Amino acid sequence: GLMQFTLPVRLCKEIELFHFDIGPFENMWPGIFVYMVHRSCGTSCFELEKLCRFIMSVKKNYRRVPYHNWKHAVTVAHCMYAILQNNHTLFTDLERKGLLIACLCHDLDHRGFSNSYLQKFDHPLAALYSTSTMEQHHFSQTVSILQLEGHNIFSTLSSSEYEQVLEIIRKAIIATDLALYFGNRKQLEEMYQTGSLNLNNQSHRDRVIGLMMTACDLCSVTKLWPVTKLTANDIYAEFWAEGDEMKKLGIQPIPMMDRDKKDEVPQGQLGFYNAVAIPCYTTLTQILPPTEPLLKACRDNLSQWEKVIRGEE
Ligand SMILES: Cn1ncc(C(=O)NCc2cc[nH]n2)c1C(=O)Nc1ccn2cc(-c3ccccc3)nc2n1
Ligand SMILES: [Mg+2]
Ligand SMILES: [Zn+2]
């Protein structure tokens, strides 16, 4: 009960900034997460014995894929931690509890392939879940780990609070399906502009938590240029592996997934920033002004990709 986690001074400070990189020392990532829960949520939120056992079971159910791995889970949780610490009073106790867990669990048992590839492969998960295929599986794996003896970190909630927290987690993890992001952002765009956006309307909060999830999930593009650029190799390692598996099923993949078209990555990253990432953090910054450092870092990285295209890197 009187047992804080405490990080070294450089991490104690930098962990508060949106652009913090959790480092290459895997054995520090559990303590980084517990640190973030204790400051976001309280030392009372979870039984440490149970939390520690839930964290290690979650870690074990992430695979050693180049991008959708345990490091991504912890990175996406740290971005959520930063959004919550910069928007103290906008979020319920339950919401802070559920969102840090949802971010940690959001890509559980990812295999490094998209929903599209599962459907073209005719994977069993595509018969069980016809839309948001991986995301419905990530939520399923979250509930399975919650039900392991010793792992129920929510056991001290009332029955109704327990149902609300699992419902926050389920919607948060489904919202990480980027196919749903485009419509969720448009609707938040219209509601903010026409002035109907109302954070006491549950269906409105849901949409806002959905956009926060998309912002956390895409947060590679909000790091300092050297982090963003070196991790871009991890995401293309997966895309191009999926492209190779497309060609083995007799299907030309899209260019993003075709390693023969590596040359056009710079222009492909431009599209992504322009069509997805900049719109995401713009609409987030309109709803939650203290998240503006994410939009500023995203814009800095777009401008670094523009320099790549102009032959200056
Ligand atoms: C979903 N998702 N999640 C994260 C990212 C990502 O690219 N994140 C940046 C990142 C990750 C780490 N550092 N930077 C994306 C994404 O769809 N990107 C994308 C989206 C569209 N494209 C198109 C091309 C491309 C490349 C070569 C030739 C032709 C076209 N290239 C892309 N790339
Ligand atoms: Mg995912
Ligand atoms: Zn993810």
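Think of each number as a place in line: the chain as shown, counted from 1.
Cβ coordinates come from backbone N, Cα and C, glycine included.
Copied from Swiss-Prot, the annotated features are:
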- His68: active site, proton donor (ACT_SITE)
- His68, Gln269: 3',5'-cyclic GMP binding site (BINDING)
- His72, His106, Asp107, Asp217: divalent metal cation 1 binding site (BINDING)
- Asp107: divalent metal cation 2 binding site (BINDING)
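Here the candidates are the binding-site residues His106, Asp107, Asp217, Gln269, and by Cα distance the one nearest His68 (active site, proton donor) turns out to be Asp107. Reduced to three states, the DSSP call for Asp107 (divalent metal cation 1 binding site) is coil. Within the same chain, residues at least six positions away from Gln269 (3',5'-cyclic GMP binding site) with a Cβ under 8 Å of its Cβ are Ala232, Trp305. Around the Cβ of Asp107 (divalent metal cation 1 binding site), 25 further Cβ atoms fall within 10 Å across all displayed protein chains. The recorded positions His68, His72, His106 differ in how many other CB atoms lie within 10 Å of their CB, and the one with the most is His106. Note on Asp217 (divalent metal cation 1 binding site): other Cβ atoms within 10 Å of its Cβ, all shown chains, come to 22. For the recorded divalent metal cation 1 site, residues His72, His106, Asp107, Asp217 set the reference point as the centre of their Cβ atoms, and the other residues of that chain within 8 Å of it by Cβ are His68, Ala73, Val76, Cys103, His110, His138, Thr176, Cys216. In the three-state DSSP scheme, the residue listed as 'active site, proton donor' falls into the coil class.
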